[PDB]
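Read through the structure below, which is laid out as C-alpha cells, and then see the notes.
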Amino acid sequence: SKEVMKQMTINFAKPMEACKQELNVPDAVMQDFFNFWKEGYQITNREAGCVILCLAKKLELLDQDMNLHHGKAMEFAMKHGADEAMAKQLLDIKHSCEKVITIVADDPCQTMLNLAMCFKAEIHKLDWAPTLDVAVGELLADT
Numbered sequence: 001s002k003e004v005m006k007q008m009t010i011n012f013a014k015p016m017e018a019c020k021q022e023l024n025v026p027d028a029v030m031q032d033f034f035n036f037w038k039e040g041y042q043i044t045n046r047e048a049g050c051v052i053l054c055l056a057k058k059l060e061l062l063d064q065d066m067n068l069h070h071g072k073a074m075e076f077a078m079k080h081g082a083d084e085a086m087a088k089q090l091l092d093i094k095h096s097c098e099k100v101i102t103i104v105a106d107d108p109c110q111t112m113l114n115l116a117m118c119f120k121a122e123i124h125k126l127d128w129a130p131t132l133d134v135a136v137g138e139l140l141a142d143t
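Residue numbers for the sequence shown follow the authors' numbering, beginning at 1 and rising by one.
Given below as C-alpha cells:
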C-alpha cells in the first residue's frame, strides 16, 4: 500500500528491502551496495557481499518486463544492449576473476564482494559500458 502512493516508486525494490530484513542487517549495509556502484569507491564491508549475493537468488521477484531470470544471462544481457561477444565477456570476466580473488569457504560474502569488485575493475578498463541491469545482471543471473 505505501509504495503505491508516491510519484516515483521502484519496481526492483521488493527483493532488495526483503534482503535487508532477511539478512537481519541494518540500512547502513544495504546502502553500502548502492555506494559500491560508484567507481573506485572503497567498500570493504563483509555485509556488502551478503546483500549482493542475496539479490542473485531473488531475481524471480523482479519484473518480467526487464526479462531477468537466473541462468538466462546470455539472452537477458543481449536484451539490455550487450552484443553476443560482450555478453560472454561479462561471464568470462567473472569466471576469470573468480580464480584470482580470495574465496572464503566460511564466508561467501567476501567471495562475492571480492569478485564483484574484480568484475567491476575489468569493465572499468573497457571501451564500452554495460548498464547496472546487465553488468550486475549477468553476475547475479550466473551466481
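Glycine included, C-beta positions come from ideal geometry on N, C-alpha and C.
Handout entry: Under the three-state DSSP convention, the category residue 193 falls into
Key = Because the chain in this structure spans residues 1 to 143, residue 193 falls outside the shown range and cannot be described.
Practice task
Could you round the C-beta distance between residue 138 and residue 90 to whole angstroms and report it? I think they count as a contact, below 8 Å.
Solution key: The C-beta distance from residue 138 to residue 90 rounds to 4 Å, short enough to meet the 8 Å contact threshold.
Handout entry: Cβ shell of residue 93 (< 6 Å), same chain only, five flanking positions each side left out
Key = Here the set comprises 119, 122.
Practice task
Could you give the DSSP three-state label for residue 45: helix, strand or coil?
Solution key: The answer is coil: DSSP assigns residue 45 none of H, G, I, E or B.
Problem - Validate contact between the region 125-135 and the region 67-82 using beta carbons, cut 8 Å, 3 pairs - result: Verdict: yes, contact present.
Handout entry: Coarse secondary structure for residue 82, derived from DSSP in three states
Key = Three-state result, residue 82: coil.
Handout entry: Cβ-Cβ distance between residue 53 and residue 15 below 8 Å
Key = No. Outside cutoff.
Exercise for the section: Given a cut-off of 8 Å, decide if residue 25 and residue 45 are closer than it, judged by their beta-carbon atoms. Expected result: Cβ distance not < 8 Å, so residue 45 and residue 25 don't count as in contact.
Exercise for the section: Ignoring anything shorter than 4 residues or poking outside the region 86-135, list the alpha helix (DSSP H) runs there in chain order. Expected result: With a minimum length of 4 residues, the continuous alpha helix (DSSP H) runs that stay inside the region 86-135 are 108-125.
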